[PDB]
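Heads up, the chain below is alone and in the form deposited in one PDB entry; it's given as structure tokens.
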């Protein structure tokens, strides 16, 4: 009887950060209560000032990472304020039935709904809006995020021994299809409905104009670089709701990788790069061994360095000359 279970309210945080949780469940099964407010907003996605009408869960692209344990109940209050213009809904790939919830959560501006589902399968999973007849338009407007369903006993390696992260980040990767004029210039629009009228043609090229982490070119760089220390264990959850990606930590590895995101499977070891299919979340665990700057990319390097799918880590600590050293620094002789 679900009414006899504990309820716990979670307040979500902005990606790439992740709300506080326990890896190993410190209670029995609970109803975990989340609230997300839909926000349609203009967003500037590149250094040039290109503006799109983003469709967001909780004001961000991606939407925030939700975290529960296997056989918890997720109870989501989804709010569509009357300041918005479109109907929206939510499909959880973690959930079973009713198109992942999409059939039960259609909210017009000025409406709200509350969905409950049982998180029966452990893993990271995409969630995304999916209104009938407008599915790729909403997803590729940014209206997607992810949920992590941890095993109740936390993460385990390929031999059954604990894997415990010290830090967790959520990298949402977004393909955008900004329509162009005949010469190749990106259009701007006053409303999402105006933007929609060029959108299907732009999408059907299957060629994104931009591919970004955390909603913009350069978002995970500078003062917003990801951080770690030598010795620290970091889990990077990575989602792509619509298009394949191939994550790679430049100067590191995925020591343990669930490339398709599902923790009942043993992780792949020692990956350089891995394929997260479109419509999936994946997760990589790494223990840092060297300080300095890393880049974290989609390793189609055009998509990374020309279209925006690149972020940085800044890692503190002790350089290991056993692991790597410059024997003769660049010089002319």
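Numbering follows the first chain given and starts at 1. Rigid core: the largest C-alpha set superposing within 1.5 Å between the two forms.
Trainee: On mean C-alpha B-factor from the PDB entry, just flag whether 185-193 or 139-147 is the higher one.
Mentor: Result: 185-193.
Trainee: Is the mean CA B factor in the deposited entry higher across 101-109 or across 240-248?
Mentor: So the stretch with the higher mean C-alpha B-factor is 101-109.
Trainee: If you compare 224, 93, 253, 262, which has the highest Cα B-factor in the entry?
Mentor: Reading the PDB entry, the winner on C-alpha B-factor is 224.
Trainee: Given 171, 212, 202, 130, identify the residue with the highest C-alpha B factor in the PDB entry.
Mentor: Highest CA B-factor of the listed options: 202.
Trainee: Taking the C-alpha B-factors as the PDB entry records them, is residue 208 in the lowest, middle or highest third of its chain?
Mentor: According to the entry, residue 208 has a C-alpha B-factor in the chain's middle third.
Trainee: Is the Cα B-factor recorded for residue 48 in the lowest, middle or highest third of its chain?
Mentor: Top third by C-alpha B-factor.
Trainee: Test of reading the entry: by CA B factor among the chain's modelled residues, which third contains residue 12?
Mentor: It falls in the middle third of the chain.
Trainee: Comparing against every modelled residue in the chain, figure out the third that the C-alpha B-factor of residue 58 lands in (lowest, middle or highest).
Mentor: Highest third of the chain for residue 58's C-alpha B-factor.
Trainee: Ranking every modelled residue in this chain by its Cα temperature factor as given in the entry, which third contains residue 75?
Mentor: CA B-factor rank for residue 75: middle third.
Omitted here: the form deposited in another entry. The next part is about that form.
Trainee: Listing 208, 261, 192, 247 as candidates, which single one shows a C-alpha movement of 2 Å or greater between the shown form and the other one when the core is held fixed?
Mentor: The residue that shifts is 192.
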